[PDB]
Amino acid sequence: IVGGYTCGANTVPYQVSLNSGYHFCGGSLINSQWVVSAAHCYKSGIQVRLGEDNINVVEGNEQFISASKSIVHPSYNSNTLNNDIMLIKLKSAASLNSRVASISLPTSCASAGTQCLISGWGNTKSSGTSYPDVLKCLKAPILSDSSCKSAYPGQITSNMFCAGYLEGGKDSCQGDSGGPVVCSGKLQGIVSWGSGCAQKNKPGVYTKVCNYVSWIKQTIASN
Ligand SMILES: COc1ccc2c(CCN)c[nH]c2c1
Ligand SMILES: [Ca+2]
């Protein structure tokens, strides 16, 4: 997260870290057994880390649970990033508590102008690299689809939305991939792609979760 702030330990209790020997992506806990992340975060050997603040220190509220199954969206296209969503099932159910909590799926699609919370352990610099230990947060509004398409002509599908700032300086970045965009207490977006981080006229692009609620619900009812 570039241009954000330190969330505060466990104040984003649905935020997970995906670990393959090191943190490589975020995700969102949607119930005791399932995490939503980006399809571009798919890899083998995923351990889901819940209850994290400092990802380099065991602080006492973590749960580390291996993935037992990953399900990338059937229509995910890695070249265009259309349908950039994946489900991860936990080998055992997480114990839900004040530091480990699920986030509800949306009932409707959030509207332009709505303020949302984006979080992760990604790079905090728009030029160069610096990776934080504690979870970072950014408040960012959803942008109109006309402004989103103007920023990324020919690239925004109906499964994507832009959030952030056209002036740059505040954005999600490398390593925030797969993490949550939460608006009105619901998971509306997944950190998906952009042109760099926090660049002028290049706001972050996010998977439009509301389009996937039926797929999520049917998949978790059968796996
Ligand atoms: C390889 O560099 C990057 C830089 C930024 C991003 C993002 C978020 C952009 N708002 C998702 N994946 C990335 C990969
Ligand atoms: Ca920790």
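Quick notes on the rules
Residues numbered from 1 in each chain as written, not as in the entry; some residues may be left out. Chains lettered and ligands numbered in written order. Heavy atoms only, no water. Domains from an automatic or database assignment. Buried area = accessible area lost by both parts, 1.4 Å probe. Salt bridge = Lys/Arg side-chain N within 4 Å of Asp/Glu carboxyl O. Polar contact = N/O pair within 3.5 Å; in protein donor to acceptor, adjacent residues only side chain to side chain. Disulfide = S-S within 2.5 Å. Helix = DSSP H or I, 4+ residues; strand = E, 2+ residues; numbered from the N terminus. Buried < 20%, exposed > 50% of the residue type's maximum accessible area, 1.4 Å probe, protein only.

Undergrad: Please explain the domain arrangement of the protein chain as it appears in this structure.
TA: When the parts of a complex come together, some accessible area is lost, and that lost area is often taken as the interface size. When the domains of the protein chain are assigned, the result is domain 1 (5-7 + 103-211) and domain 2 (15-102 + 212-221). For domain 1 versus domain 2, the separation of C-alpha centres amounts to 18 Å. Carbon and sulfur atoms make up 57% of the area that domain 1 and domain 2 hide from each other, which totals about 2,300 Å². Here domain 1 and domain 2 share zero salt bridges between them. Here domain 1 and domain 2 share 17 residue pairs in polar contact between them.

Undergrad: I keep staring at the state of the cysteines and nothing clicks. Help me out?
TA: Joining two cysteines, a disulfide is a covalent bond between their sulfur atoms. Scanning the model with the defined rule gives six disulfides in all. Two residues share a disulfide in this structure: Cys25 and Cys41, whose sulfurs sit 2.0 Å from each other. Disulfide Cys25 to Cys41: torsion about the S-S bond roughly -85 degrees, handedness left-handed. Residue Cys25 is found in strand β3 (residues 23-31), and its partner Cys41 is found in the loop between β4 (34-37) and β5 (47-50); the two are separated by 16 residues along the sequence. The disulfide bridge from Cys173 ends at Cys197, spanning 2.0 Å between sulfur atoms. Every disulfide takes its handedness from the sign of the S-S torsion; for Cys173 and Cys197 that torsion is 80 degrees, giving right-handed. Placement of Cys173 in the loop between β10 (160-163) and β11 (180-183) and of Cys197 in the loop between β12 (186-193) and β13 (204-208) is noted, with a sequence separation of 24 residues between them. The exposure class assigned to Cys173 is buried, which follows from its relative accessible area of 8%.

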